[PDB]
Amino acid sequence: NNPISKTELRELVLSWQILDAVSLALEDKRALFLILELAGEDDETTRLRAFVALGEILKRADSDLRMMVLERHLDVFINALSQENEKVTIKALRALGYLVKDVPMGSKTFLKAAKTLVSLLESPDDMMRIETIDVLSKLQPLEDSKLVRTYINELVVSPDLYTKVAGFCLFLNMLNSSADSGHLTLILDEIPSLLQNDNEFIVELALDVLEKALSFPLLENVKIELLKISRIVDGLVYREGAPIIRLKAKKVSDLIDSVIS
């Protein structure tokens, strides 16, 4: 063969001939690996454009290809996540979001990615916060082990709002890996704060967490806690704003009733 070269892909990427480079990397892993290299080069423009290409590739890539990139090259994405190079970080975040979508992660890499992501929440930049939370909302642990739960509990007890939101995002995903428990004790005392938040993304997140968590049998006596939560949710049924909150409040309210008959 006479395949496309490294220098050739960089020029393609820099020229914003993105779909060409995307087509080539999807057709042949060698080219994808070379774009991963560009994504680690010292030049900012190169890194930015390579992450753009990576995002367009990964949004198109099947689950098998993404697992492979994830197992071998997670560090390419992780190392480019920094508050100091914001523009590159945003593109890396977008590409990371497509990569990890529906890909269960061993607890070791899960924790390393999650911790790097949570670190970015120090930044005041609104776009960075949005993209960071978006990746966290997609980050899926393979296990509901004590390790994973302990980390998530640590986040949800944080007095910092978006650290707690991160916690709730991860908790939601962790319930996909739980066989029999909704681990309601993990979040019960912190969730009224999110339900009673002014921000609509945060309220909906809390409602989503309740809906999933209440689908599991309730082994703990948290009747007093769910009552107080039920009052808040009853209120939310009539909350001015987005209708989906009112709707999800009804569904959670019916859920709580079925659990707390």
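Numbers for residues come from their place in the sequence shown, where the first is 1.
Participant: Quick check: 26-34 versus 45-53, which has the larger average CA B-factor in the record?
Facilitator: Per the deposited B-factors, the answer is 26-34.
Participant: Give the stretch, out of 129-137 and 151-159, with the larger mean C-alpha temperature factor in the deposited entry.
Facilitator: Going by the record's values, the stretch with the higher mean is 151-159.
Participant: Highest Cα B-factor in the deposition, which of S119, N85, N176, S107?
Facilitator: In this record, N85 carries the highest C-alpha B-factor of the candidates.
Participant: By the record's CA B-factor, is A213 among the lowest, middle or highest third of residues in the chain?
Facilitator: Bottom third by C-alpha B-factor.
Participant: Would you check the entry's CA temperature factor for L186 and let me know if it's in the chain's lowest, middle or highest third?
Facilitator: Highest third - that is where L186 ends up once the chain's C-alpha B-factors are sorted.
Participant: Ranking the modelled residues of this chain by C-alpha B-factor as given in the entry, is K59 in the lowest, middle or highest third?
Facilitator: Tercile = lowest for this residue's CA B-factor.
Participant: Among the modelled residues of its chain, does the C-alpha B-factor of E71 lie in the lowest, middle or highest third?
Facilitator: Answer is highest: the recorded C-alpha B-factor places it there.
Participant: Would you check the entry's CA temperature factor for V13 and let me know if it's in the chain's lowest, middle or highest third?
Facilitator: Lowest third of the chain for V13's C-alpha B-factor.
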